[PDB]
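Here's the structure, in C-alpha coordinates; my notes come after.
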Protein chains: 2
Amino acid sequence: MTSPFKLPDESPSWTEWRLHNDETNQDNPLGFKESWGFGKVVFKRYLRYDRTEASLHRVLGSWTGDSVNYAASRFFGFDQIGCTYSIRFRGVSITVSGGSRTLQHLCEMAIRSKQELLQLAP
Amino acid sequence: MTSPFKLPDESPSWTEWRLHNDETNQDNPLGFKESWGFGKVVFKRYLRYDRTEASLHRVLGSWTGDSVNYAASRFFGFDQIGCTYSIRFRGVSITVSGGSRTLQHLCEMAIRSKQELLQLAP
RNA sequence: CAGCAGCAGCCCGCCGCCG
RNA sequence: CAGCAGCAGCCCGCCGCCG
(Lines give C-alpha, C1' and ligand atoms only; values in the text may rest on other atoms or scores of the structure.)
Protein backbone atom coordinates (compact mmCIF):
# COMPACT_ATOMS: atom_id res chain seq x y z
CA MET A 1 0.00 0.00 0.00
CA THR A 2 1.34 3.48 -1.00
CA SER A 3 0.62 5.93 1.79
CA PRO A 4 -0.70 9.51 1.31
CA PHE A 5 1.95 10.50 4.02
CA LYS A 6 5.53 11.85 3.39
CA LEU A 7 6.80 11.47 6.99
CA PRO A 8 6.93 8.21 9.01
CA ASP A 9 4.71 7.62 12.02
CA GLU A 10 6.05 8.85 15.43
CA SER A 11 3.71 7.07 17.89
CA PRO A 12 5.29 7.11 21.34
CA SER A 13 5.90 3.77 23.08
CA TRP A 14 3.77 3.21 26.18
CA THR A 15 6.78 3.99 28.37
CA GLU A 16 7.65 7.25 26.55
CA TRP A 17 4.02 8.38 26.83
CA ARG A 18 3.98 7.62 30.58
CA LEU A 19 7.26 9.49 31.06
CA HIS A 20 5.70 12.48 29.29
CA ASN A 21 2.45 12.35 31.40
CA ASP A 22 4.54 12.27 34.59
CA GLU A 23 6.55 15.31 33.65
CA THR A 24 3.93 17.73 32.11
CA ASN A 25 -1.90 17.86 30.83
CA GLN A 26 -4.25 17.45 27.78
CA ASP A 27 -3.14 20.81 26.36
CA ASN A 28 0.54 19.75 26.08
CA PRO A 29 0.60 16.29 24.32
CA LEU A 30 3.64 14.89 22.51
CA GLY A 31 1.95 15.55 19.14
CA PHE A 32 -1.31 15.06 17.19
CA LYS A 33 -2.99 12.26 15.23
CA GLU A 34 -4.19 12.55 11.70
CA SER A 35 -5.59 10.03 9.22
CA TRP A 36 -6.65 9.68 5.57
CA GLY A 37 -9.38 7.25 4.54
CA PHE A 38 -10.27 6.16 0.94
CA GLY A 39 -13.19 3.74 0.89
CA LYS A 40 -12.28 1.13 3.54
CA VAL A 41 -8.56 1.68 3.70
CA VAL A 42 -7.23 4.08 6.40
CA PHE A 43 -3.68 5.46 6.85
CA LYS A 44 -2.79 7.12 10.23
CA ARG A 45 0.03 9.10 11.68
CA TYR A 46 0.95 10.34 15.10
CA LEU A 47 3.36 13.27 14.63
CA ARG A 48 5.36 15.21 17.23
CA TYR A 49 4.42 18.87 17.46
CA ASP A 50 5.69 21.42 19.94
CA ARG A 51 3.86 24.57 18.73
CA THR A 52 6.88 26.46 17.34
CA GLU A 53 6.88 27.74 13.78
CA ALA A 54 9.67 25.25 12.83
CA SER A 55 7.57 22.38 14.12
CA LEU A 56 4.38 23.61 12.41
CA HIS A 57 6.16 23.90 9.10
CA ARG A 58 7.58 20.32 9.44
CA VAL A 59 4.26 18.67 10.25
CA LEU A 60 2.38 20.67 7.57
CA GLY A 61 4.73 18.80 5.10
CA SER A 62 3.35 15.38 6.18
CA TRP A 63 1.06 15.14 3.08
CA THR A 64 0.27 17.30 0.09
CA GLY A 65 -2.58 17.40 -2.49
CA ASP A 66 -0.27 15.46 -4.85
CA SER A 67 0.73 12.77 -2.28
CA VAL A 68 -2.93 12.26 -1.19
CA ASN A 69 -4.06 12.07 -4.85
CA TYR A 70 -1.39 9.48 -5.65
CA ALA A 71 -2.38 7.27 -2.74
CA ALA A 72 -6.17 7.69 -3.31
CA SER A 73 -6.03 7.11 -7.07
CA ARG A 74 -5.00 3.42 -6.29
CA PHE A 75 -8.63 2.90 -5.08
CA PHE A 76 -10.50 4.89 -7.78
CA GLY A 77 -12.82 3.62 -10.48
CA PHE A 78 -16.13 4.51 -12.12
CA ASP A 79 -18.23 4.84 -8.89
CA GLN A 80 -17.23 7.55 -6.38
CA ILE A 81 -15.68 6.35 -3.10
CA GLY A 82 -15.80 8.19 0.26
CA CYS A 83 -12.65 10.09 1.21
CA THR A 84 -12.01 11.45 4.70
CA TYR A 85 -9.26 13.43 6.46
CA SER A 86 -9.31 13.52 10.29
CA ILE A 87 -7.12 15.35 12.74
CA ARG A 88 -7.26 15.36 16.54
CA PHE A 89 -5.36 17.71 18.80
CA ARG A 90 -5.91 18.84 22.40
CA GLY A 91 -9.36 17.27 22.71
CA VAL A 92 -10.73 18.56 19.36
CA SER A 93 -11.30 16.44 16.28
CA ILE A 94 -11.84 17.84 12.78
CA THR A 95 -13.03 15.59 9.96
CA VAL A 96 -13.24 16.75 6.30
CA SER A 97 -15.05 14.23 4.11
CA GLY A 98 -16.75 13.86 0.73
CA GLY A 99 -16.63 11.77 -2.44
CA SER A 100 -13.56 11.14 -4.51
CA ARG A 101 -14.84 13.54 -7.14
CA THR A 102 -14.23 16.45 -4.75
CA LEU A 103 -10.85 15.26 -3.51
CA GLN A 104 -8.92 18.40 -4.48
CA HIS A 105 -11.44 20.54 -2.54
CA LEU A 106 -11.21 18.09 0.38
CA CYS A 107 -7.38 18.51 0.48
CA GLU A 108 -7.68 22.35 0.42
CA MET A 109 -10.14 22.30 3.35
CA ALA A 110 -8.09 19.57 5.15
CA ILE A 111 -4.81 21.54 5.08
CA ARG A 112 -6.55 24.74 6.27
CA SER A 113 -8.32 22.78 9.08
CA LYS A 114 -4.94 21.25 10.07
CA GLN A 115 -3.15 24.63 10.21
CA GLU A 116 -6.00 26.30 12.09
CA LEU A 117 -6.28 23.49 14.70
CA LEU A 118 -2.49 23.32 15.29
CA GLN A 119 -2.38 27.05 15.82
CA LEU A 120 -5.39 27.20 18.13
CA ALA A 121 -4.57 29.54 21.11
CA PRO A 122 -3.91 28.42 24.84
CA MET B 1 -35.84 23.11 23.38
CA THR B 2 -33.71 26.31 23.10
CA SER B 3 -31.76 26.22 19.85
CA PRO B 4 -28.07 27.21 19.46
CA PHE B 5 -29.26 29.05 16.20
CA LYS B 6 -30.19 32.80 15.85
CA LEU B 7 -31.78 32.54 12.37
CA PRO B 8 -34.76 30.32 11.41
CA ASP B 9 -34.38 27.36 9.07
CA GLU B 10 -34.72 28.07 5.29
CA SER B 11 -35.14 24.55 3.86
CA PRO B 12 -36.55 24.81 0.34
CA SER B 13 -39.84 23.01 -0.40
CA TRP B 14 -39.51 20.10 -2.84
CA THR B 15 -40.98 22.27 -5.60
CA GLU B 16 -38.63 25.23 -4.96
CA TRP B 17 -35.64 22.86 -5.01
CA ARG B 18 -36.80 21.32 -8.32
CA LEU B 19 -37.31 24.78 -9.82
CA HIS B 20 -33.74 25.64 -8.80
CA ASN B 21 -32.27 22.37 -10.25
CA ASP B 22 -34.05 23.05 -13.56
CA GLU B 23 -32.66 26.54 -13.87
CA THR B 24 -28.96 26.20 -12.73
CA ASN B 25 -25.24 22.00 -10.66
CA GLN B 26 -23.73 20.82 -7.31
CA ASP B 27 -21.49 23.90 -7.13
CA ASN B 28 -24.45 26.34 -7.12
CA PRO B 29 -26.97 25.07 -4.44
CA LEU B 30 -29.58 27.28 -2.80
CA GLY B 31 -27.55 27.28 0.45
CA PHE B 32 -25.73 25.00 2.93
CA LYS B 33 -26.67 22.75 5.87
CA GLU B 34 -25.20 23.00 9.29
CA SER B 35 -25.99 21.27 12.59
CA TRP B 36 -25.09 21.32 16.30
CA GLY B 37 -25.26 18.16 18.40
CA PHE B 38 -25.06 17.94 22.25
CA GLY B 39 -25.26 14.35 23.46
CA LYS B 40 -28.28 12.91 21.59
CA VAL B 41 -30.04 16.11 20.71
CA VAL B 42 -29.33 17.64 17.25
CA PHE B 43 -30.39 21.06 15.88
CA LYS B 44 -30.11 21.66 12.07
CA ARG B 45 -30.42 24.52 9.68
CA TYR B 46 -30.49 24.91 5.95
CA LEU B 47 -29.50 28.52 5.16
CA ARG B 48 -29.53 30.38 1.83
CA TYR B 49 -26.10 31.50 0.68
CA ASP B 50 -25.20 33.13 -2.60
CA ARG B 51 -21.44 33.70 -2.11
CA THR B 52 -21.50 37.52 -1.81
CA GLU B 53 -19.93 39.25 1.17
CA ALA B 54 -23.41 40.41 2.37
CA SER B 55 -24.65 36.85 2.31
CA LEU B 56 -21.54 35.47 4.05
CA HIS B 57 -21.85 38.01 6.82
CA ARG B 58 -25.58 37.14 7.34
CA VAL B 59 -25.07 33.39 7.56
CA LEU B 60 -21.96 33.75 9.80
CA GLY B 61 -24.46 35.34 12.31
CA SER B 62 -26.53 32.12 12.51
CA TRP B 63 -24.90 31.07 15.86
CA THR B 64 -22.26 32.47 18.17
CA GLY B 65 -20.12 31.02 21.00
CA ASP B 66 -22.65 32.52 23.45
CA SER B 67 -25.77 31.14 21.66
CA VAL B 68 -24.20 27.63 21.34
CA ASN B 69 -23.12 27.71 25.03
CA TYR B 70 -26.63 28.70 26.14
CA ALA B 71 -28.25 25.88 24.19
CA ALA B 72 -25.60 23.26 25.18
CA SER B 73 -25.57 24.16 28.88
CA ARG B 74 -29.23 22.80 29.07
CA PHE B 75 -27.69 19.28 28.64
CA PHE B 76 -24.60 19.64 30.89
CA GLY B 77 -23.83 17.92 34.16
CA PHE B 78 -20.93 16.25 35.95
CA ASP B 79 -19.94 13.81 33.13
CA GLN B 80 -18.75 15.29 29.81
CA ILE B 81 -21.11 14.92 26.83
CA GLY B 82 -20.10 14.81 23.15
CA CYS B 83 -20.58 18.04 21.20
CA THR B 84 -20.41 18.26 17.42
CA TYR B 85 -20.71 20.97 14.75
CA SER B 86 -21.21 19.85 11.11
CA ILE B 87 -21.41 21.85 7.93
CA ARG B 88 -21.90 20.62 4.37
CA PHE B 89 -21.49 22.72 1.26
CA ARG B 90 -20.82 21.82 -2.39
CA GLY B 91 -20.09 18.15 -1.69
CA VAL B 92 -17.74 18.73 1.30
CA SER B 93 -18.63 18.06 4.92
CA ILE B 94 -16.66 19.40 7.88
CA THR B 95 -17.32 18.09 11.39
CA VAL B 96 -15.72 19.62 14.53
CA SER B 97 -16.33 17.49 17.62
CA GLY B 98 -15.10 16.93 21.17
CA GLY B 99 -16.35 16.85 24.76
CA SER B 100 -18.34 19.57 26.43
CA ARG B 101 -15.27 20.60 28.40
CA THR B 102 -13.68 21.92 25.20
CA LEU B 103 -16.80 23.62 23.86
CA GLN B 104 -15.30 27.10 23.56
CA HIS B 105 -12.41 25.66 21.48
CA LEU B 106 -14.94 23.69 19.41
CA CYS B 107 -16.87 26.92 18.61
CA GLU B 108 -13.63 28.74 17.59
CA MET B 109 -12.68 25.89 15.22
CA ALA B 110 -16.32 25.55 14.00
CA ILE B 111 -16.67 29.22 12.99
CA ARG B 112 -13.29 29.18 11.18
CA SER B 113 -14.24 25.91 9.39
CA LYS B 114 -17.59 27.50 8.39
CA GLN B 115 -15.98 30.67 6.99
CA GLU B 116 -13.26 28.73 5.15
CA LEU B 117 -15.73 26.25 3.56
CA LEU B 118 -18.18 29.00 2.48
CA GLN B 119 -15.36 30.92 0.86
CA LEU B 120 -13.82 27.92 -0.90
CA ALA B 121 -12.90 28.94 -4.53
CA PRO B 122 -14.75 27.78 -7.81
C1' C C 1 -35.06 19.87 -0.23
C1' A C 2 -37.72 16.13 3.14
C1' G C 3 -38.68 10.98 4.98
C1' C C 4 -37.85 5.42 5.46
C1' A C 5 -34.73 1.26 4.49
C1' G C 6 -30.31 -1.76 3.16
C1' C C 7 -24.64 -2.21 2.73
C1' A C 8 -20.06 -0.35 4.20
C1' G C 9 -16.57 3.05 6.57
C1' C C 10 -15.06 7.10 9.75
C1' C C 11 -15.40 10.46 13.95
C1' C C 12 -17.10 11.83 18.94
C1' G C 13 -18.88 10.99 24.15
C1' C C 14 -19.46 7.42 28.24
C1' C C 15 -17.61 2.89 30.04
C1' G C 16 -14.96 -1.69 30.99
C1' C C 17 -10.68 -5.07 30.19
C1' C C 18 -5.73 -5.10 28.48
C1' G C 19 0.40 -4.17 26.48
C1' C D 1 0.57 5.85 23.10
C1' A D 2 -1.35 0.76 21.43
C1' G D 3 -5.16 -3.27 21.36
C1' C D 4 -10.14 -5.71 22.42
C1' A D 5 -15.14 -5.15 24.08
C1' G D 6 -19.93 -2.85 25.55
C1' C D 7 -23.55 1.55 25.22
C1' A D 8 -24.99 5.74 22.58
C1' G D 9 -24.69 9.62 18.82
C1' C D 10 -22.85 12.04 14.40
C1' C D 11 -20.61 12.31 9.50
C1' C D 12 -19.29 10.22 4.65
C1' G D 13 -19.71 6.83 0.25
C1' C D 14 -22.83 3.27 -2.47
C1' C D 15 -27.79 1.81 -3.12
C1' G D 16 -33.13 1.21 -3.08
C1' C D 17 -38.22 3.05 -1.97
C1' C D 18 -40.88 7.47 -1.11
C1' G D 19 -43.44 13.42 -0.43
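So you know, we letter chains A, B, ... as the sequences are listed, proteins then strands, and number each from 1. Keep in mind that the numbers below use all heavy atoms, side chains included, and drop hydrogens, waters and symmetry copies.
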Can you tell me which nucleotide in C11(D), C10(C), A2(C) comes closest to the side chain of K33(B)?
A2(C)
I want to verify a distance call: between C11(C), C11(D), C1(C), whose nearest atom is closest to the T95(A) side chain?
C11(C)
Looking at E16(A) and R48(A), is there a salt bridge between them, counting it only when a charged N and a carboxylate O are closer than 4.0 Å?
yes
Given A8(D), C11(C), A2(C), the nucleotide with the shortest approach to the side chain of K40(B):
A8(D)
By nearest-nucleotide position on RNA chain C, the 5'-leaning member of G99(B) and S13(A) is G99(B)
Joint hydrophobic cluster, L106(A) plus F38(A), side-chain heavy atoms closer than 4.5 Å
yes
Nucleotide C1(C), atom P - distance to CD of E34(B) in whole Å:
14 Å
If you check the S86(A) side chain, which of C1(D), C10(C), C10(D) turns out closest?
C10(C)
Distance-only donor-acceptor check, side chains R58(B) and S55(B), under 3.5 Å
no
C11(D), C1(D), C12(D): which one has an atom nearest the side-chain heavy atoms of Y46(A)?
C1(D)
Under-4.0 Å side-chain N/O to phosphate OP1/OP2 contact, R88(A) with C12(C):
yes
Distance between P atoms of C10(D) and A2(C) (Å, rounded)
15 Å
Distance test, side-chain N/O of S93(A) to OP1/OP2 of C12(C), below 4.0 Å
yes
Tell me the partner of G6(C), counting only Watson-Crick (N1-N3 plus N6-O4 or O6-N4) or G-U wobble (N1-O2 and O6-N3) with both under 3.5 Å; none if nothing fits.
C14(D)
Between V41(B) and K44(A), whichever has its closest RNA chain D nucleotide further toward 5' is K44(A)
Using the rule for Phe, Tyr, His and the six-membered ring of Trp, do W14(A) and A2(D) stack at under 5.5 Å and under 30°?
no
Heavy atoms only, 4.0 Å cut-off, all strands: where does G37(A) land among base, sugar-phosphate and nothing?
nothing
Pair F43(A) and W36(A), ring centroids less than 6.0 Å apart
no
Which part of the nucleic acid, if any, lies within reach of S35(A) when heavy atoms closer than 4.0 Å are counted: base, sugar-phosphate only, or nothing?
sugar-phosphate
Name the pairing partner of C1(C), where a pair is Watson-Crick or G-U wobble with both distances under 3.5 Å, or state none.
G19(D)
Shortest side-chain distance from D79(B), nucleotide among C14(C), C1(D), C12(D):
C14(C)
Whole-Å distance, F38(B) CZ to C12(C) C1', equals 14 Å
Rounded interatomic separation in angstrom, taking CG from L103(A) and P from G13(D)
13 Å
Tell me whether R45(B) is salt-bridged to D9(B), with the criterion being a basic N under 4.0 Å from an acidic carboxylate O.
no
In whole angstrom, what separates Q26(A)'s CD from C12(C)'s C1'?
13 Å
On RNA chain C, does the nearest nucleotide to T84(B) precede the nearest nucleotide to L30(B) from the 5' side, or the other way round? Give the residue.
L30(B)
Interatomic distance where CZ belongs to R45(A) and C1' belongs to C1(D) [whole Å]:
15 Å
Round to the nearest Å and state the distance from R18(B) atom CZ to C18(D) atom P.
14 Å
Between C14(C) atom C1' and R101(B) atom CZ, what is the distance in whole Å?
15 Å
Rounded to whole Å, how long is the line connecting atom CD1 of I81(A) with atom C1' of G9(C)?
11 Å
Taking the inter-plane angle between the rings of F32(A) and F89(A) on a 0 to 90° scale, is it parallel (under 30°), tilted (30 to 60°) or perpendicular (over 60°)?
perpendicular
If you measure from the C1' atom in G6(C) to the same atom in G6(D), how many Å do you get, rounded?
25 Å
